[PDB]
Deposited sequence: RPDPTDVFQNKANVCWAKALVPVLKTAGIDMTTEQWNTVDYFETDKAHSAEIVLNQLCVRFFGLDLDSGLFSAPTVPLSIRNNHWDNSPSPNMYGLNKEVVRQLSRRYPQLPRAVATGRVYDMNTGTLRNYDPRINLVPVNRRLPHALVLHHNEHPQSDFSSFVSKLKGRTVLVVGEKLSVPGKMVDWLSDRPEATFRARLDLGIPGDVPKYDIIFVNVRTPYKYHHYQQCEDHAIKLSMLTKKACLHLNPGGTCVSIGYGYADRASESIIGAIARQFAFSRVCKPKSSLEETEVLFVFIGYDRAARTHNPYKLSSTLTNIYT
């Protein structure tokens, strides 16, 4: 759906409107570029917008109708469509009152360092959080290295007979488990960057056992995970028996894409909860728990309590 190939090529003319010309070395700081995976050009544009200018796309910085970002035949491209992006000079003028060197940054493809108000060359560690965004929940400021969590016990306690585990292998005592992964021993072997295959069956429980590494900040970890929520967790709703359950590893919804994705998933289930079991030691990691698919019968406040 939102992940398609050639997203980096499609972004070249968009980024050029802000003076940005990415080298291979700079593209390699986008994880899916280095590993050659399908991605959303919009999520990547948002990531680069924060890295370069300290503002996310909701600032309007790229809202001019200059270059299309379109999805055609599983590719991102610049074919005509209403979904157009480009440096918006009127927005730059408005922001320059608060950020006086920002017009120079967007003319020359330099980083505007939000900590100093001065220009820098590209480094992904300079601007870690979009200063324009009202975060829906508190973020972890002090992350530590911990052993990986083991969610076998959690899934075993869920109600349901059939389980689809997506991502890394997970045994679930007492249930019948199918495993979707790009590993050779998977039940269904597929590239996970292309999402849950449409021909996968329906299940009582889907557990998205997929993690994203912490590199610079909770915000980075969340935005890097958003595409996985879009291609895996969001597609789980097509693969659930009536009243079924989806559980997914996540990191909250620090970024705009994750917030939209999680909200859309939650509206399809009777109950939505965030849980942090005892085996989950990494400070940013949570489980999103969606109970009662296609049935009727605080998320942000729970995340704030977990992450404060």
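Note: segments 1 to 9, 307 to 312 of the deposited sequence have no C-alpha coordinates in the structure.
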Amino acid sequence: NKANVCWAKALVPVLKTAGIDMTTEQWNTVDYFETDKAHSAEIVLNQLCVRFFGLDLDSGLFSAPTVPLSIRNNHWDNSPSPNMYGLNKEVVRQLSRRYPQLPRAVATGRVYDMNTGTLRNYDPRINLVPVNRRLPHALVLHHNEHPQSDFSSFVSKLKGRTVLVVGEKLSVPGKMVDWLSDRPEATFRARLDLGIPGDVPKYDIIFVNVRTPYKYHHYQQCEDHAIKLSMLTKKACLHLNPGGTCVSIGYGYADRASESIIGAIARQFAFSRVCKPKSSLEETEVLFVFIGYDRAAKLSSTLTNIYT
From here on, numbers count along this sequence of modelled residues.
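Between the stretches 178 to 186 and 126 to 134, it is 178 to 186 that shows the larger average CA temperature factor. Higher average CA B factor: 278 to 286, of the stretches 278 to 286 and 254 to 262. Per the PDB entry, 153 shows the highest C-alpha temperature factor of the residues 88, 121, 118, 153. Annotation for 38, 249, 270, 69: 270 ranks highest, by Cα B-factor. Among all modelled residues in this chain, the alpha-carbon of residue 203 has a temperature factor (C-alpha) in the middle third. The deposited CA B-factor of residue 210 belongs to the lowest third of values across its chain. When the CA B factors of the chain's modelled residues are split into thirds, the value for residue 93 lands in the middle one. Sort the chain's modelled residues by C-alpha temperature factor and residue 78 lands in the lowest third, per the entry.
For residue 234, the recorded CA temperature factor ranks within the middle third of the chain's modelled residues.
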